[PDB]
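Enquirer: Whatever this is, show me its structure:
(one chain, ligands or ions: 7)
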Amino acid sequence: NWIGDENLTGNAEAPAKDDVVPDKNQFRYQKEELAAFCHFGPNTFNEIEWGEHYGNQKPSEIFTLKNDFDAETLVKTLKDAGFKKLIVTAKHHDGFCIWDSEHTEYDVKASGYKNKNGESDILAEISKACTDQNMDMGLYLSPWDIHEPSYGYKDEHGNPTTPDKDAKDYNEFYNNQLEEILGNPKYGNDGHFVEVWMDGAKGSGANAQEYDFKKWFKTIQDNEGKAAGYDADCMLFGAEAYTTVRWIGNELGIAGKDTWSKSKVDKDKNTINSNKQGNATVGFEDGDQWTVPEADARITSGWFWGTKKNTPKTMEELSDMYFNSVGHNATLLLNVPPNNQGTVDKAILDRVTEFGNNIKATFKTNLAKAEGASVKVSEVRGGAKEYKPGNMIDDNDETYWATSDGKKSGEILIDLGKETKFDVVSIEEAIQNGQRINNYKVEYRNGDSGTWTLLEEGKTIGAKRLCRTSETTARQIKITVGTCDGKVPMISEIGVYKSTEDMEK
Ligand SMILES: C[C@@H]1O[C@H](O)[C@@H](O)[C@H](O)[C@@H]1O
Ligand SMILES: [Ca+2]
Ligand SMILES: [Ca+2]
Ligand SMILES: [Mg+2]
Ligand SMILES: [Mg+2]
Ligand SMILES: [Mg+2]
Ligand SMILES: [Mg+2]
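Expert: Residues are numbered from 1 along each chain as shown. Ligands and ions are numbered 1, 2, ... in the order given. The structure is reproduced below:
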C-alpha cells in the first residue's frame with residue numbers, strides 16, 4: 001500500500017534530534033562534498049615531498065618563483081568544477097612561509113618574489129581570488145617546523161636543554177602566526193577561514209615539542225569562530241579531542257563502506273578514537289562527537305608538483321575516488337598543485353575541468369523525477385504534508401520524509417515509469433538532525449510486481465550514500481532504511497542516475 005503526496009492533512013511534531021549533530025560549518029562542509037588542497041612552496045622548486053635538507057639556504061635560493069602567481073586561473077577552474085573550498089599550505093614542514101610574516105625572515109617576502117604590484121604574499125594572492133569568486137578557504141600550518149629556531153627545547157645559544165630552560169617557546173611563534181593570518185582581513189574568503197589543518201605528521205628523528213593546543217584553538221576561534229561572531233566554530237583537523245574534521249585514515253580518497261560522521265573523544269586526556277577498520281576511520285554509531293570524514297588525495301603522484309610527478313590521475317581513478325568518498329559519507333579533499341611557474345599545468349587543469357564536467361553530467365537528470373515517474377513510501381509521519389515523499393526530490397536539504405513515532409523503518413518505492421537504464425542510486429539522510437540510520441537495502445525489478453533483485457545492502461546513509469553498479473535496466477527501485485528502537489529515519493533527498501561513460505564502474 002504505497003503512499004504519495006496527495007491528501008496529506010495530518011499533523012505531527014518533528015522527530016527528536018539525535019544528541020550528537022553537526023554544527024553549521026560541519027553540515028555545510030558535508031553538503032559541499034568537494035574541497036581542494038593547494039600544496040605550494042619551496043618543495044615545488046626542488047623535486048621533493050618533505051623539504052628536510054634545505055639547511056641554511058636563503059629564501060631566494062629555495063623559493064625561486066619569477067612569474068606572478070596565477071591565483072585567478074586556479075580558483076576559477078576549481079570553482080567551475082564544483083569545489084567549494086581551497087585549503088592552502090601557508091607553511092609546510094620545511095618552515096617556509098608563503099605569506100609576508102613579521103615573525104620570521106624565512107618567507108616569501110625575503111625570497112625576492114614580487115607580483116605585478118611589487119607585493120610578496122602568495123596567501124594574500126590566493127585569498128583575493130577566493131574572495132572574488134566566493135570560494136571558502138582552509139589554512140594548513142605545519143606544527144612540525146624544521147627551520148624555526150624556537151622549535152624544540154634550546155638555550156639562548158641553541159644547545160638542547162629541558163622544557164623549563166627553553167629560551168624561545170615555539171607555542172608562542174605558532175600562535176603569533178595564527179593571529180597574524182587569521183586576524184588580518186586580507187587572508188581568507190573575506191577574512192574568514194572555515195577549517196584549520198594542524199596535521200601531526202613528523203619526522204621520526206625530529207626533536208620533542210609539546211603543543212599548546214588550547215592556546216591555538218582559542219586564537220583560532222577568537223578570529224574565525226563563535227567568539228568572532230560566526231555561526232559556528234572554525235573546523236579543526238589534527239586537533240586530537242578537539243578534532244571536528246577527521247582524517248579518513250588513508251591518502252587514496254577511500255572511505256569505508258559504512259562510514260559514521262562521529263568519533264569518541266576524551267577531552268580530559270585529549271584523545272580521540274575514530275574507529276580504524278582496515279585502512280579507514282569508519283567512526284561509531286554511538287560516537288559522542290561529530291567529526292566530518294575527510295578523504296585527502298593527490299591528483300598527481302605527489303602533494304607537490306615536480307617534473308617526475310605532473311601526470312594527473314585518470315577519470316577512472318578519480319571516479320573511483322568520488323564514489324568511494326562522497327558516495328560513502330565522506331568529503332573529498334583533492335590536491336591540485338601549482339608548478340614552478342606559479343600556474344597549473346594545462347593537463348592538470350584540464351583533468352580537473354573534465355572531472356567536474358563528468359560529475360555535473362552524471363547527476364544532471366534525476367530519473368526519479370522524469371515524466372511518468374513517481375516516489376511513494378510505505379508510511380508518512382502522521383499523514384502530514386510536512387513529511388511527504390515529495391520532500392525527497394525537491395532539491396531542498398531542509399525538507400525530508402520520515403515515518404511516525406514507533407516505526408523505526410520505512411520503504412521508498414521509486415517507479416521510473418518505464419523500463420529504464422541506470423547505474424547510480426543516491427540517498428541522503430537529514431544529518432542536520434543526526435546520523436542514525438543503521439541498515440539500508442536497495443532493490444529493483446522489471447515491471448510492477450514479482451520478486452526484487454538486490455542491488456546493495458549496508459548500514460549507513462549519512463550525508464550521502466551512492467550505490468554504483470553496472471548498467472542496469474528496471475522499472476521500479478525499492479529503498480529500505482531503518483534505525484534503532486525509539487527513533488525514525490529522515491531522508492532529505494534521493495535520486496536515480498545513469499553516469500557518463502567515464503564515470504561508469
Ligand atoms: C597533506 C599531507 O599532510 C601531512 O602532514 C604531510 O606530511 C604531507 O606532506 C602532506 O602535506
Ligand atoms: Ca623552543
Ligand atoms: Ca528535501
Ligand atoms: Mg546537495
Ligand atoms: Mg598573481
Ligand atoms: Mg618575514
Ligand atoms: Mg580572519
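
Enquirer: Closest residue of the stretch 1-150 of the chain to ligand 3?
Expert: residue 31 (11.8 Å; Cβ to the ion). In short, each C-beta sits where N, CA and C put it, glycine included.

Enquirer: How about the stretch 251-400 of the chain?
Expert: residue 399 (3.7 Å).

Enquirer: What about that residue, how many residues nearby?
Expert: 17 (other Cβ atoms under 10 Å).

Enquirer: State the three-state secondary structure for residue 495.
Expert: Using DSSP: H, G, I helix; E, B strand; the rest coil as the criterion, the local structure at residue 495 reads strand.

Enquirer: Stretch 225-232: which residues count as buried?
Expert: By neighbour count on 16 or more other Cβ atoms under 10 Å, the buried set for stretch 225-232 is 225, 228, 230, 232.

Enquirer: Apologies, that question was intended for stretch 239-253.
Expert: For stretch 239-253, using 16+ other Cβ under 10 Å, the buried residues are 239-250, 252-253.

Enquirer: Show me those residues that map onto strands.
Expert: Those of these mapping onto strands are 245, 246, 247, per DSSP state E.

Enquirer: Leaving out sequence neighbours, find the closest residue to the residue in the stretch 201-350 of the chain positioned nearest to ligand 5.
Expert: Distance from ligand 5 to each residue of the stretch 201-350 of the chain (Cβ to the ion) is smallest for residue 342, at 7.2 Å. Nearest residue to residue 342 in three dimensions, chain neighbours excluded: residue 69, at 4.0 Å (Cβ to Cβ, 6 or more residues apart in numbering).

Enquirer: can I assume the residue of the stretch 201-350 of the chain closest to ligand 5 is in contact with residue 63?
Expert: No - Residue 342 is beyond contact range of residue 63, at 10.8 Å (criterion: Cβ atoms under 8 Å).

Enquirer: Tell me which of these two has more neighbours.
Expert: residue 63 (27 against 20).

Enquirer: Burial check on the nearest residue to that one once chain neighbours are set aside, number of neighbours?
Expert: With sequence-adjacent residues excluded and distances taken as Cβ to Cβ, 6+ apart, residue 63 is closest to residue 111, at 4.3 Å. Residue 111: 20 surrounding residues under other Cβ under 10 Å.

Enquirer: From ligand 3, how far out is residue 423?
Expert: Residue 423 sits at a distance of 23 Å from ligand 3 (criterion: Cβ to the ion, to the nearest Å).

Enquirer: Just confirm that residue contacts residue 469, I think it does.
Expert: Yes - using Cβ under 8 Å, residue 423 is in contact with residue 469, at 5.4 Å.

Enquirer: Overlap in contacts, these two.
Expert: Common neighbours of residue 423 and residue 469, using Cβ atoms under 8 Å, 6 or more residues apart in numbering, are residue 505.

Enquirer: picking up where we left off before, residues contacting the residue nearest to residue 63?
Expert: Taking Cβ under 8 Å, 6+ apart, one finds 59, 60, 62, 63, 64, 65, 120 in contact with residue 111.

Enquirer: Mark which of these are buried, thanks.
Expert: Buried subset of the contacts of residue 111 (neighbour count, 16+ other Cβ under 10 Å): 59, 62, 63, 65, 120.

Enquirer: Please identify the buried residues of the top helix by length along the chain?
Expert: Identified as the longest helix of the chain according to DSSP state H is helix 346-362. Within helix 346-362, the residues scored as buried using 16+ other Cβ under 10 Å are 348, 349, 351, 352, 355, 356, 358, 359, 361, 362.

Enquirer: partners of the longest strand seen in the chain, with directions?
Expert: Longest strand in the chain, counting residues (DSSP E): strand 409-429. Partners of strand 409-429 in the sheet, by DSSP bridges, are strand 374-377 (antiparallel), strand 465-482 (antiparallel), strand 490-497 (antiparallel).

Enquirer: Can I get the ones you listed in CSV including mean neighbour count?
Expert: CSV is the format used below for those (neighbours: other Cβ atoms under 10 Å):
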stretch, mean neighbour count
strand 374-377, 21
strand 465-482, 19
strand 490-497, 24
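
Enquirer: Stretch 169-181 near ligand 7 anywhere?
Expert: No - using Cβ under 5 Å from the ion, we find that stretch 169-181 stays clear of ligand 7, coming within 7.3 Å at best.
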